[PDB]
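In case you want the letters, here they are:
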Amino acid sequence: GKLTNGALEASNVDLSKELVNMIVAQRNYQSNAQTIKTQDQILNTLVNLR
Amino acid sequence: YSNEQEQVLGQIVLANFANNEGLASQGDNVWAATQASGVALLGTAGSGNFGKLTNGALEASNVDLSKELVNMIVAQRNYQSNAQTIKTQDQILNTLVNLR
Amino acid sequence: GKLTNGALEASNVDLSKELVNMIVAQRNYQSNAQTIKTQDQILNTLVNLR
Amino acid sequence: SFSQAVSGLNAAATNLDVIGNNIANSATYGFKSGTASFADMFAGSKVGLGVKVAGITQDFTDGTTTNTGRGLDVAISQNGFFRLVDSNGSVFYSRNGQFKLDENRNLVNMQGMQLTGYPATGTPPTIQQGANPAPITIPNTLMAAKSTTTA
Amino acid sequence: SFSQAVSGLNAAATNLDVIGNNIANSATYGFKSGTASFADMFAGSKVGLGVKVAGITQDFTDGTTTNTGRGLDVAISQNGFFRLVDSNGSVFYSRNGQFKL
Amino acid sequence: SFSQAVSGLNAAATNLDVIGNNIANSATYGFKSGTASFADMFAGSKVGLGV
């Protein structure tokens, strides 16, 4: 490509889409957390029903 | 390229199975052909029953969390019901053993 | 119908009514969620009262 | 007769983990949701014995398309799998639309498996549809000049 | 069988931080957005075991050009990296258009 | 099912910037106004997927 002076490239990160990504990811994250809790609760149940 | 043209480099081949549905899950997101799947049929995008290959996109998982969380909660209750069934039998057996 | 040039049809979606639909639907959604929780709580109650 | 409860218990455990994987892998690409069937066990009695066995399945519905633009992000609609070849000479199938050119001028996933297709031949190249699904490569070498033949 | 949830949990954590770095480093120069692929783990069962592993990638799309004028602010379009050499005799590549004497 | 909203959100963002460039570059010479078409995404459902 060309090497024009008078300019810097600057990051190609788009915050209007990254914030969205983040929020969605957080929900996904929590879904995983419940999966673990679910299993934990269950195991505890089993252990104590005996 | 610089010679003012487009040339063919190759053609991506697409595969359909008899059953698609029946494939053996592997690796990362890889499937092995199986007898259940039958033998793959090869073709090109837009031909026969082979879908299109638009660029500019990834398919992404078809999992719907709004329904999976529900499934999970219900399943947990079901699970516990089974647990009580066992406990019930255990308690009973212990009862029997000790009533003598 | 007629085929006048000089124009595109554009979507027939009315945002002044869709936003309303959405808000109402959300409340309805939550009502269903409580129904499930209700049943879950109850079942858990039953299981543990023994 | 604990088996008539234990069987079920185990089946339920399996179910939960299948769900767990759907949830976790919901952030993956091309992943198709998994599930499982269940069936009644053993006869020789009016009462089912053992009780339950599980059969896991996977439902290949289409996903979405996701407004991407880097690499060779090729999505696929409806049925169809990309035909991949493992470096050890093994054929695999995948809907993993993420493709990139490696240092050998080969199209691969990540994974790392080779994307195959029909070979091109002639000048300009033509697609041998009747040929075997050769590995797709993209040379960075020069188009030779071609004399005028007609005008 | 906690691993079938934990794996995913960890993958999600990684994803979040990748996003976090894109956000933070959005104010940097020549920075290319990062992301990650994910893949299904272990067979030996109809049910995936372990479940998920992550593979980080970086998408080198062009940025913008930014009306600067001090130093040797050389931007670059399309592909291309500036070839840099570390004082210890090591070769590196960069799109860092900021140069000074 | 966030994709059915996110897709649209992104499309809207693009639209805004296209407009933004028309406005900014209104002071340029020979510049022709830009715009964009939009289309419905993915089937396999009665409900549009992706969008």
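This deposited entry lists cryo-EM as its structure determination method and 4.1 Å as its resolution.

Trainee: Account for the overall build of chain D, with residues named and values stated.
Mentor: Counting its secondary structure elements, chain D contains one helix and ten strands. Reading chain D from its N terminus to its C terminus gives the helix and strand order α-β-β-β-β-β-β-β-β-β-β. Here chain D has a C-alpha radius of gyration of 24 Å; the compact-globule value for 151 residues is 15 Å, and the former is much larger. Seen through its C-alpha atoms, chain D measures out along the principal axes to roughly 90 × 35 × 30 Å. Sorting the 151 residues of chain D into buried and exposed places 42% on the buried side. Intrachain contacts of chain D at a sequence separation of at least 6 include 33% that bridge at least 24 residues. Total accessible area computed for chain D in this model is approximately 7,500 Å², and 54% of it derives from carbon and sulfur atoms. Mean positive and mean negative side-chain charge positions of chain D (9 and 8 charges, respectively) differ by 4 Å.

Trainee: Would you mind going over the nonpolar core in detail, with residue names and values included?
Mentor: Residues B:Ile12, B:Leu14, B:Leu53, D:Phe82, D:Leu84 and D:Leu115 are the most contacted members of the largest nonpolar core, which totals 15 residues. In terms of nonpolar packing, the next biggest core, distinct from the first, is built from twelve residues, D:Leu9, D:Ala12, D:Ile19 and D:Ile23 among them.

Trainee: Can you break down the interface of chain F and chain A residue by residue, with the values?
Mentor: Between chain F and chain A, the residue contacts involve five residues of the former and five residues of the latter. Summing the contributions of chain F and of chain A, the shared interface buries around 390 Å²; its carbon and sulfur component is 83%. Three residues, F:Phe2, F:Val6 and F:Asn10, lead the burial of chain F against chain A; their summed loss comes to 70% of the area buried on that side. At the boundary of chain F with chain A, the tally comes to zero salt bridges. If you look at where chain F meets chain A, you find zero residue pairs in polar contact.

Trainee: I'd like a rundown of the interface of chain D and chain B, residues and numbers included.
Mentor: Contacts between the two partners involve 66 residues from chain D and, on the opposite side, 58 residues from chain B. Of the roughly 5,400 Å² buried at the junction of chain D and chain B (both faces included), carbon and sulfur atoms supply 62%. A per-residue breakdown of the area chain D buries against chain B is headed by D:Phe2, D:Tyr93 and D:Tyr118, which together make up 13% of the total. Run the count over chain D and chain B and you get two salt bridges. When the shortest N-O distance is used, the salt bridge between D:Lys32 and B:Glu59 registers 2.8 Å.

Trainee: Describe a nonpolar patch on the surface, naming the residues involved and giving the relevant values.
Mentor: A cluster of nonpolar residues, E:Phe60, E:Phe81, E:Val85, E:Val91 and E:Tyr93, forms a patch on the protein surface that exposes about 490 Å² of accessible area. The residue E:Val85 is located in strand β3 (residues 82-86) in this model.

Trainee: Kindly report on unusual backbone geometry, identifying the contributing residues and their values.
Mentor: The residue after D:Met110, namely D:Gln111, is reached through a cis peptide bond having omega 0°. Looking at the element boundaries, D:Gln111 is found in the loop between β6 (107-108) and β7 (114-118). In this structure, F:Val51 takes a positive phi of about 105° despite not being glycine. Its place among the elements puts F:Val51 in the segment after α1 (3-24).

Trainee: Break down the layout of surface pockets for me, citing the residues and quoting the values.
Mentor: Considering only enclosed or pocket space, the second largest pocket measures out at about 1,100 Å³ in volume. Contributing to the lining of the second largest pocket are 28 residues, with B:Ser66, C:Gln26, C:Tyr29, F:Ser1 and F:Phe2 lying nearest its centre. Those elements that place two or more of their residues in the lining of the second largest pocket are α1 (15-49) of chain A, α1 (65-99) of chain B, α1 (15-49) of chain C together with α1 of chain F. Considering every element that reaches the lining of the second largest pocket, the biggest residue donor is α1(C), with ten residues. Residues belonging to the lining of the second largest pocket are distributed by class as follows: 17 nonpolar, seven polar and four charged.

Trainee: Summarise the side chain of B:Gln76; cite the residues concerned and give the values.
Mentor: Along the chain, B:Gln76 turns up in helix α1. Here the side chain of B:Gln76 touches A:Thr38 through a polar contact of 3.0 Å, landing on its backbone oxygen. Aside from chain neighbours lying at most four places away, what touches B:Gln76 is A:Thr38, A:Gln41, A:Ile42 and D:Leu16.

Trainee: With reference to specific residues and values, describe the pattern of salt bridges.
Mentor: Taken as a whole and judged by the stated rule, the model has eleven salt bridges over all chains. Here B:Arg77 and C:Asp40 are joined by a salt bridge, their closest N and O atoms 2.7 Å apart. Highlighted residues: B:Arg77 in helix α1 and C:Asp40 in helix α1, drawn from two different chains. For B:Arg77, a relative accessible area of 7% corresponds to the buried category. Across the salt bridge formed by E:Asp62 and E:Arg95, the nearest N and O atoms sit 2.9 Å from each other. Taken together, the residues span a long stretch of sequence, with E:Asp62 in the loop between β2 (52-58) and β3 and E:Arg95 in the segment after β4 (90-94) at a distance of 33 residues. For E:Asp62, a relative accessible area of 35% puts it in the partly exposed group. Connected through salt bridges with shared partners, the residues A:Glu9, E:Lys32, E:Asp62 and E:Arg95 form a single ionic network.

Trainee: Give me the lowdown on α1(A), citing residues and values where you can.
Mentor: Given a rise of 1.5 Å per residue, 35 residues ought to cover 51 Å, and the 51 Å separating the end C-alpha atoms of α1(A) matches this to within 8%. The first or second residue beyond α1(A) is A:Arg50, which carries a positive phi of 50°.

Trainee: Tell me about the side chain of A:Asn28, and please be specific about residues and values.
Mentor: Mapped onto the elements of the fold, A:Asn28 is located in helix α1. Beyond its immediate sequence surroundings of up to four residues, A:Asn28 is in contact with B:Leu65, D:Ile23, D:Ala24, D:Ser26 and D:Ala27.

What counts and how
- Residues numbered from 1 in each chain as written, not as in the entry; some residues may be left out.
- Chains lettered and ligands numbered in written order.
- Part of a larger assembly, values for the part shown.
- Heavy atoms only, no water.
- Helix = DSSP H or I, 4+ residues; strand = E, 2+ residues; numbered from the N terminus.
- Rg over C-alpha atoms; globule rule 2.2 N^0.38 Å.
- Buried < 20%, exposed > 50% of the residue type's maximum accessible area, 1.4 Å probe, protein only.
- Contact = heavy atoms within 4.5 Å.
- Areas by Shrake-Rupley, 256 points an atom, 1.4 Å probe, with all protein chains shown as cover.
- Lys, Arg positive; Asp, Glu negative; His and termini not counted.
- Charge placed at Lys NZ, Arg CZ, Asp CG, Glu CD.
- Core = buried A, V, L, I, M, F, W, Y, C linked by side-chain atoms within 4.5 Å.
- Buried area = accessible area lost by both parts, 1.4 Å probe.
- Salt bridge = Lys/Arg side-chain N within 4 Å of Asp/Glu carboxyl O.
- Polar contact = N/O pair within 3.5 Å; in protein donor to acceptor, adjacent residues only side chain to side chain.
- Patch = residues over 30% accessible without salt bridge, like charges linked within 9 Å, V, L, I, M, F, W, Y side chains within 5 Å.
- 1 Å grid on protein atoms, 1.4 Å probe; cavity = no way out; pocket = protein on both sides within 12 Å on 5 of 7 lines; lining within 4 Å.
- Points joined across faces, edges and corners; volume = space filled by probe spheres on them.
- Nonpolar A, V, L, I, M, F, W, Y, C, P; charged D, E, K, R; others polar.
- Expected span 1.5 Å × (residues − 1).

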